[PDB]
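The residues making up each chain are set out below.
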Amino acid sequence: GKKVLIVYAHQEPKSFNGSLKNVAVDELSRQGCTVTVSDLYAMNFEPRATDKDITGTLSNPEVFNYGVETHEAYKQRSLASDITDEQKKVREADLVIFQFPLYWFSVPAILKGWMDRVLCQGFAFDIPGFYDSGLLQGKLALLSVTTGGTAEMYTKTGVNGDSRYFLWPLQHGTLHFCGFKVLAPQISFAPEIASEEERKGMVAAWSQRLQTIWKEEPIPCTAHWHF
Amino acid sequence: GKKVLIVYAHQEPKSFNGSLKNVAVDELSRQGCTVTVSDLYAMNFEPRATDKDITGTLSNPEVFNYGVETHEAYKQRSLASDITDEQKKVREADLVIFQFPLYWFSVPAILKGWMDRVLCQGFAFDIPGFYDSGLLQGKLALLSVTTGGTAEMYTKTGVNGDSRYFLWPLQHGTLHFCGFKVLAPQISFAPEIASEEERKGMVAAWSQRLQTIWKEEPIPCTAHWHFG
Ligand SMILES: Cc1cc2nc3c(=O)[nH]c(=O)nc-3n(C[C@H](O)[C@H](O)[C@H](O)COP(=O)(O)OP(=O)(O)OC[C@H]3O[C@@H](n4cnc5c(N)ncnc54)[C@H](O)[C@@H]3O)c2cc1C
Ligand SMILES: Cc1cc2nc3c(=O)[nH]c(=O)nc-3n(C[C@H](O)[C@H](O)[C@H](O)COP(=O)(O)OP(=O)(O)OC[C@H]3O[C@@H](n4cnc5c(N)ncnc54)[C@H](O)[C@@H]3O)c2cc1C
Ligand SMILES: COC(=O)Nc1ccc2[nH]cc(CCNC(C)=O)c2c1
Ligand SMILES: COC(=O)Nc1ccc2[nH]cc(CCNC(C)=O)c2c1
Ligand SMILES: [Zn+2]
Ligand SMILES: [Zn+2]
């Protein structure tokens, strides 16, 4: 029995991202996996890191330090309930899939705010106590990204450089740092300009890949792999 | 004379980020430059890219595509007014400085939302009309970043790898793509670990660099610069 969390960041259910999320839900449910979706836009998830993230009185209401106040609120079980709800989902999950369109070589802001606010000190890592002494060791993570640009543009001598260059902040800087073993990204290049059949083939390849997700070897999450 | 926009993303005025922002304002103001600060947290700036960003009839209300709808709305002048307020500041600026703590090897989400919502198609780039043909050509941009990690950790063979590695999505993916000439980042490493003397020297080194900022050349914003 496995638990899967899909963190999903798209405004439109009929979008190509919506269909990739629905095909993941379907296929992992088919396999008997325990599945949970965090549909950030439908939840109107708060992306801003503010003092509202700590309930009751602040540790030092004079100089506000976000990392510090959230660390202490975590330990003392005082974080806002939107955050702690996400952390419970993350704690129980064996695999976390993030499904999102690429926005500026990165995640949409709503998802960036999820990472900023949910993966707090004390939950995802301590200082020190990161990368391999990172508190989410044993969990798998997988980025499933859709792009505007074609796969050619994302070659190391393309205009955009190699896909693996933009992955560094997300795979290594965030997911590895927290202790995740990181599975190879799923990149669905440029669905808006692919045919309705190349689009089926991308959705089907995702479905097909999810069939054997649990047999997969994690990538070596190193400078060399990305660069 | 010159116009400068500082896009600032820190919750706390007494922070190291707040100090670096204040010296920027003071030093550029002293020079006789025109200065504007977008203080994202004080504005409670909206980071989410939603259908609230368009006020007109949607081009395709059956299936909502944020990129298509905001491009249309930009041309029609039906974008939300918080977006067009920022675009006006960018349009008039000669130099845009981003002042922020590094969050997950990137900008805090509120600043990510500013990039997602403000730099829309039609305004910052077109297809075609990106990288060296981006619509914001002629403008300068500069990232001024503070870290929890030390300079030691941000090296080719440190835990974090070289600091340039994390700059790629912002410098090249965003700023260069929109046509900015990118100046060399100002990275202020580990102010929390640093002593009172090293912190003060970090504020003064920024103050000092700003005196000669208009004489600097842009970086070559290429894979080679970032990665070797
Ligand atoms: C702020 C912003 C920043 C961006 N930054 C970048 C960037 O840095 N780099 C980059 O490359 N791109 C960028 N993009 C553009 C790009 O659109 C996104 O990266 C995104 O990946 C598009 O995916 P989508 O799900 O919205 O496609 P959609 O438009 O929703 O889907 C494409 C087509 O597939 C159809 N479809 C839906 N379901 C199915 C199905 N199951 N079978 C067949 N067809 C289906 C849809 O109806 C649609 O016609 C950016 C866009 C925005 C708005
Ligand atoms: C969600 C999150 C994600 C993060 N991700 C990363 C990451 O990926 N990589 C990384 O390296 N770090 C990361 N950090 C940590 C780090 O704190 C930030 O990156 C940030 O750079 C710290 O800057 P600050 O302005 O808040 O420092 P402050 O805490 O405000 O400054 C430290 C000290 O400087 C003092 N100071 C202020 N002004 C002056 C002055 N004028 N002269 C002398 N001293 C002064 C302050 O009073 C304080 O004592 C993350 C933090 C959070 C909360
Ligand atoms: C205040 O809260 C955080 O510092 N949080 C946080 C989150 C992700 C991070 N990645 C790299 C760092 C550097 C941390 N400092 C040292 C000394 O390594 C880091 C810190
Ligand atoms: C309107 O919404 C966006 O498409 N916005 C946007 C923003 C930043 C981007 N960087 C690279 C691309 C893809 C461009 N190539 C294509 C379209 O083939 C892109 C698109
Ligand atoms: Zn790694
Ligand atoms: Zn570049």
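Residues numbered from 1 in each chain as written, not as in the entry; some residues may be left out. Chains lettered and ligands numbered in written order. Heavy atoms only, no water.

**Some thoughts on the site of ligand 3**
Put simply, the test is: Note on terminology: near, applied to a residue and a molecule or strand, indicates that one of the residue's heavy atoms is within 4 Å of it. For the area figures, the Shrake-Rupley method with a 1.4 Å probe applies, and any residue is considered shielded solely by the protein chains shown.
As a structural note, the neighbourhood of ligand 3 is formed by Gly67, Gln121, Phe125, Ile127, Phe130 and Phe177 of chain A together with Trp104, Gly148, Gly149, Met153 and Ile193 of chain B. Ligand 3 is flanked by residues contributed from chains A and B. Computed on the free molecule, ligand 3 has an accessible area of 470 Å², of which 79% lies beneath the protein chains in the complex.

**Quick notes on the packing of aromatic side chains**
Note the cut-off: The criterion for an aromatic pair is that two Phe, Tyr or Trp rings (for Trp, the six-membered ring) have centres within 6.5 Å, with stacked assigned to planes under 30 degrees apart, edge-to-face to planes over 60 apart and tilted to the rest. Helix and strand labels come from DSSP, where a helix needs a run of H or I of at least four residues and a strand needs a run of E of at least two; each type is numbered from the N terminus. When a residue's accessible area, from a 1.4 Å probe over protein chains only, is under 20% of the maximum for its type it is buried; when over 50% it is exposed; and in between it is partly exposed. A positively charged side chain is recorded as over a ring if its NZ (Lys) or CZ (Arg) lies within 6 Å of the ring centre. The angle to the ring normal must also be within 35 degrees.
All told, the structure shown has 35 aromatic pairs over all chains when counted by the stated rule. Between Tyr131 of chain B and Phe177 of chain B the ring centres are 5.1 Å apart and the planes differ by 75°, which places this aromatic pair in the edge-to-face class. With a gap of 46 residues between them, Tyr131 of chain B in the loop between α4 (109-118) and β4 (140-146) and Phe177 of chain B in the loop between α5 (163-176) and β5 (181-182) connect regions that are remote in the sequence. The burial state of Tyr131 of chain B is the same as that of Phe177 of chain B; both residues are buried. Within the aromatic cluster, the residues linked to one another by ring pairs are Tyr165, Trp168 and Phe227 of chain A together with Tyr165, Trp168 and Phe227 of chain B. Just above the ring of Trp214 of chain A sits the side chain of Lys2 of chain A; from NZ or CZ to the centre is 5.7 Å. Its guanidinium or amino end placed over the ring of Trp225 of chain B, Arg164 of chain B lies 3.8 Å from that ring's centre, counting from NZ or CZ.

**A word on the coordination of the zinc ion (ligand 5)**
All names here are of chain A. Rule in force here: Coordination shells were defined by N, O and S atoms within 2.8 Å of each metal, extended to 3.2 Å for Na, K and Ca; water is absent from the atom set, which can make sites look incomplete. Metal sites are grouped by the angles between bound donors: all angles between 85 and 135 degrees with four donors is tetrahedral, opposite donors over 155 degrees apart with the others between 65 and 115 is square planar for four donors and octahedral for six, and any other pattern is irregular.
Bound to the zinc ion (ligand 5) on the protein side are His172 (ND1), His176 (ND1), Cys221 (O) and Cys221 (SG), at distances that span 2.2 to 2.3 Å. Classification of the site at the zinc ion (ligand 5) as tetrahedral follows from its four donor atoms and the range of 94 to 127° in their angles at the metal. Mapping the donors of the zinc ion (ligand 5) onto the primary sequence gives the spacing H-x3-H-x44-C. Taken together, the residues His172 and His176, both in helix α5 (residues 163-176) and four residues apart, mark about one turn of the helix. Residue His172 is classed as buried on the basis of its relative accessible area, which comes to 5%.

**Topic: the coordination of the zinc ion (ligand 6)**
Residues and elements named next belong to chain B. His172 (ND1), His176 (ND1), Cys221 (O) and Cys221 (SG) make up the full set of protein donors to the zinc ion (ligand 6), lying at 2.1 to 2.3 Å. The coordination sphere of the zinc ion (ligand 6) comprises four donor atoms, whose angles at the metal cover 97 to 135°; the geometry is tetrahedral. One chain supplies every donor to the zinc ion (ligand 6), and in sequence these donors are spaced H-x3-H-x44-C. Of this pair, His176 sits in helix α5 while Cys221 sits in the loop between α6 (196-211) and α7 (223-227), and the two are 45 residues apart along the sequence. As far as burial versus exposure is concerned, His176 and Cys221 are alike and both buried.

**Section: the interface of chain A and chain B**
A common way to report how large an interface is uses the accessible area buried once the components associate. What counts here: The contact criterion used throughout is that any non-hydrogen atoms of two residues lie within 4.5 Å. Buried area: the accessible area, evaluated with a 1.4 Å probe, that two parts lose upon being put together, summed over both parts. Every case where a carboxyl oxygen of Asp or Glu lies within 4 Å of a side-chain nitrogen of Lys or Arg is listed as a salt bridge. Think of a polar contact as two N or O atoms within 3.5 Å of one another; within protein, one of them needs to be a possible hydrogen donor and the other a possible acceptor, and neighboring residues in sequence only count if both atoms come from side chains. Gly falls in the polar group here, along with every residue not listed as nonpolar (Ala, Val, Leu, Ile, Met, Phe, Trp, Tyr, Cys, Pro) or charged (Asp, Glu, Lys, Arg).
Facing 47 residues of chain A, the contacting portion of chain B comprises 46 residues. Counting the surface lost from both chain A and chain B, the interface buries some 3,900 Å², and carbon and sulfur atoms represent 61% of this. If you sort the residues of chain A by the area they bury against chain B, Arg48, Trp104 and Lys112 of chain A come out on top, with a joint share of 22%. Our count for the chain A to chain B interface comes out at two salt bridges. Salt-bridge contacts for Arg48 of chain A lead to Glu46 of chain B; the nearest nitrogen and oxygen are separated by 3.9 Å. Run the count over chain A and chain B and you get 24 residue pairs in polar contact. Elements with a contribution of two residues or more to the side of chain A that touches chain B: α4 (109-118) and α5 of chain A. If you tally residues by element for the side of chain A that touches chain B, the top one is α5 of chain A, at seven residues. Taken together, the residues of the side of chain A that touches chain B break down into 27 nonpolar, 12 polar and eight charged.

**Looking at the site of ligand 1**
Not every one of the 24 residues close to ligand 1 is listed here, only the nearest: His10, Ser19, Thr146, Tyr154 and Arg199 of chain A. In this structure, ligand 1 sits where chains A and B come together, each supplying nearby residues. Measuring from a nitrogen atom of ligand 1, one finds a backbone N or O atom of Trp104 of chain A at 2.9 Å. Interatomic distance of 3.3 Å between a side-chain N/O atom of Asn65 of chain B and an oxygen atom of ligand 1. In the complex, the protein chains occlude 78% of the 1,000 Å² of accessible area that ligand 1 would expose alone. Put simply, the parts of the chain that give the shell around ligand 1 at least two residues each are α1 (16-30) and α6 (198-210) of chain A together with α2 (66-76) of chain B. Residue composition of the shell around ligand 1, by class: nine nonpolar, 10 polar and five charged.

**Re the pairing of strand β1 (residues 3-8) of chain B**
Residues and elements named next belong to chain B. Let me state the cut-off plainly: Any two strands with at least two DSSP bridges between them are considered paired. Think of it like this: strands point away, you trace from the first strand over the helix to the second, and a clockwise trace means the crossover is right-handed.
When you tally the buried positions in β1, you get five out of six residues, the bulk of the element. As defined by bridge partners, β1 adjoins strand β2 (residues 34-39) across six bridges and the pair is classed as parallel. Among the inter-strand pairings, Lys3 is bridged to a residue of β2, identified as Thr34. Taken together, β1, helix α1 (residues 16-30) and β2 constitute a β-α-β crossover, and its handedness is right-handed. One ladder, built from five bridges, connects β1 with strand β3 (residues 95-101); its direction is parallel. What sits directly across from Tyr8, in β3, is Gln99.

**Section: the packing of α5 of chain A against α5 of chain B**
Selection criterion: The axes are straight lines fitted to the C-alpha atoms, using for helices just the contacting stretch, and the angles between their N-to-C directions are given from 0 to 180°. Angle categories are assigned with fixed cut-offs, so that under 35 degrees is roughly parallel, over 145 is roughly antiparallel, 65 to 115 is roughly perpendicular, and the rest are oblique. Crossings are sorted by hand: turned counterclockwise from the far helix by less than a right angle, the near helix makes the crossing left-handed, and turned clockwise it makes it right-handed.
Orientation of α5 of chain A relative to α5 of chain B, taken along the N-to-C sense of each, is 110°, at an axis distance of 9 Å. One way to sum up the angle between α5 of chain A and α5 of chain B is to call them roughly perpendicular. Considering only the axes of α5 of chain A and α5 of chain B, their crossing is left-handed. For the pair α5 of chain A and α5 of chain B, contact is made by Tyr165, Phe166, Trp168 and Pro169 of chain A and by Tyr165, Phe166, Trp168 and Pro169 of chain B, respectively. Broken down by class, the residue content of the contact of α5 of chain A with α5 of chain B amounts to eight nonpolar, no polar and no charged.

**Digging into the UniProt feature "binding site: Zn(2+)" in chain B**
Residues and elements named next belong to chain B. Note the cut-off: UniProt positions are given in the numbering used here, feature names are shortened, and annotations may be inferred rather than shown by experiment.
Cross-referencing UniProt, the feature "binding site: Zn(2+)" maps to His172, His176 and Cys221 in the present numbering. Sequence-wise these annotated residues cover 50 residues; spatially they are packed, their C-alpha atoms never more than 7.2 Å apart. Ignoring any residue separated from it by four or fewer positions in sequence, one finds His176 in contact with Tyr131, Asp132, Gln171, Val182 and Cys221. Among the polar contacts made by the side chain of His176, one reaches the side chain of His172 at a distance of 3.3 Å. Apart from residues lying up to four places away in sequence, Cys221 is in contact with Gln171, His172, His176, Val182 and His226.

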